[PDB]
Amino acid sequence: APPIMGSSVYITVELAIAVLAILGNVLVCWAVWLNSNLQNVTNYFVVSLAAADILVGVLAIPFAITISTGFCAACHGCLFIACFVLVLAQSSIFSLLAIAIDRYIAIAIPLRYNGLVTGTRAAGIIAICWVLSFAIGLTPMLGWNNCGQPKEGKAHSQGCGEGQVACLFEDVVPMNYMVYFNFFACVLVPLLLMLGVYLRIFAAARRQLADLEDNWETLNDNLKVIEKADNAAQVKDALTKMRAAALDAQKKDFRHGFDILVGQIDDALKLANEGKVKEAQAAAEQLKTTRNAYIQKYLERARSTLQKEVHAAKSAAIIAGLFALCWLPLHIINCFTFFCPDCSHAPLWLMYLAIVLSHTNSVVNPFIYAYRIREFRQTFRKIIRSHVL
């Protein structure tokens, strides 16, 4: 069948994806710019990620359409329009890794996050990552390319001029670059590192919630021990274990609650050491008033904060997993082309399906934010209502 027919479908789908990638990710950037509740270090990487996806729509998709025609081009110019998308994919990987690491720092050392992770440091990292993405993605332009061995018969058949080639991705970009350097080293290894970071994030969150409940049970258990003690020495032991636990849970109404708690433990401890068991047990019953009015609120707020961090980490992980889902088919196909030269090449329709799938990843993140992050969803609603209605 005439090639322009299947090419028309491919091109129309690409243009549709490009429109959606621009619109959705412009909306992401507008929301962050407008809403100070969204202006944090994590979302600066989200904006860098949205900028890469905007450029997929504006530049990479037009470049992919161009390079599908096989038009006559100087080989190194053809190389640039083949490789620019690799810059954008690489920048996306760096942003996704940064988001994972940022969330790990927030859950693992929340006390030093704000001093460690600042807007100025994020902006420098983003700048550095974009420079490295150009170096990685344009590495073929530094000589790791097939321009030294042009397909002259294909070029001559298309009427190309001297020094020109038919501009086709797999004719100019070496397959060993795409598989060993781009895929294995620059894509697969960072994604696996991300998986490891996310595993540590979720394991750290689970441990911290288990520790919260352990401290709650230990507090209530030791209260029971004091109640059914029969001498002053048993009361002292439990109060001593309670006091060390109270300080462990301590590191304004929160501070007041723990100030009461430790003080009421010291009061009961002093009576215990005078051998006044009954009087000490009565002092320890006061702890329950402090536990109800203060400690349960501290426990519940800490649990709710920790669960929100789990929720934000799952949302970030969904973004990283969707990047992998959308890009792996094209990379896997390249692996078959490279590692199985006895295999027939994947057919052209599947090539174009794998290409458009990789491009759909630039559409999907705005939907994940809308469905999973209320602050985005509310800002999206207000932008659309005012500025599109």
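A residue's number is simply how far along the shown sequence it sits, counting from 1. By rigid core we mean the largest C-alpha set that fits within 1.5 Å across both forms.
With the rigid core as the fit anchor, does 282 to 290 or 94 to 102 show bigger C-alpha shifts in 8 other deposited structures of this protein? When 282 to 290 and 94 to 102 are compared in 8 other deposited structures of this protein, the bigger C-alpha shift is seen for 282 to 290.
Core-fitted comparison in 8 other deposited structures of this protein, 237 to 245 vs 132 to 140, farther C-alphas: More C-alpha displacement in 8 other deposited structures of this protein shows up in 237 to 245.
Quick one: is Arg303 left out in at least a third of the other entries we compared? Counting only entries that model residues on both sides, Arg303 is resolved in every one of them.
Coordinates absent for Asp253 in a third or more of other entries: Yes.
Using what the record says, work out whether there is a hole in the model between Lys251 and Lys252 and how many deposited residues it spans (none, 1 to 3, 4 to 9, 10 or more). The entry has a long gap there, with 10 or more residues left out between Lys251 and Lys252.
Quick check: 171 to 179 versus 113 to 121, which has the larger average CA B-factor in the record? Per the PDB record, 113 to 121.
For the stretches 330 to 338 and 65 to 73, which has the higher mean C-alpha B-factor as given in the deposited record? Taking the mean C-alpha B-factor of 330 to 338 and of 65 to 73, the larger value falls to 65 to 73.
Looking at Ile265, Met194, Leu88, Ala166, which has the biggest Cα B factor in the entry? In the PDB entry, the greatest C-alpha B-factor among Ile265, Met194, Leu88, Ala166 is found at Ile265.
Peak C-alpha temperature factor (PDB record), options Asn215, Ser315, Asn146, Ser95: Largest recorded C-alpha B-factor: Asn215.
Among modelled residues of the same chain, the CA temperature factor third for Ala31: Answer is middle: the recorded C-alpha B-factor places it there.
Can you tell me whether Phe258 has a C-alpha B-factor in the lowest, middle or highest third compared with the other modelled residues of the same chain? Ranked within chain, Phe258 CA B lands in the highest tercile.
C-alpha B factor of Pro190, ranked within the chain: lowest, middle or highest third? For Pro190, whose C-alpha B-factor we compare with every modelled residue in the chain, the answer is the middle third.
For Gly161, does the deposited CA B-factor place it in the lowest, middle or highest third of the chain? It falls in the top third of the chain.
What third of its chain, lowest, middle or highest, does the C-alpha temperature factor of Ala50 fall into? For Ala50, the deposited C-alpha B-factor lands in the lowest third.
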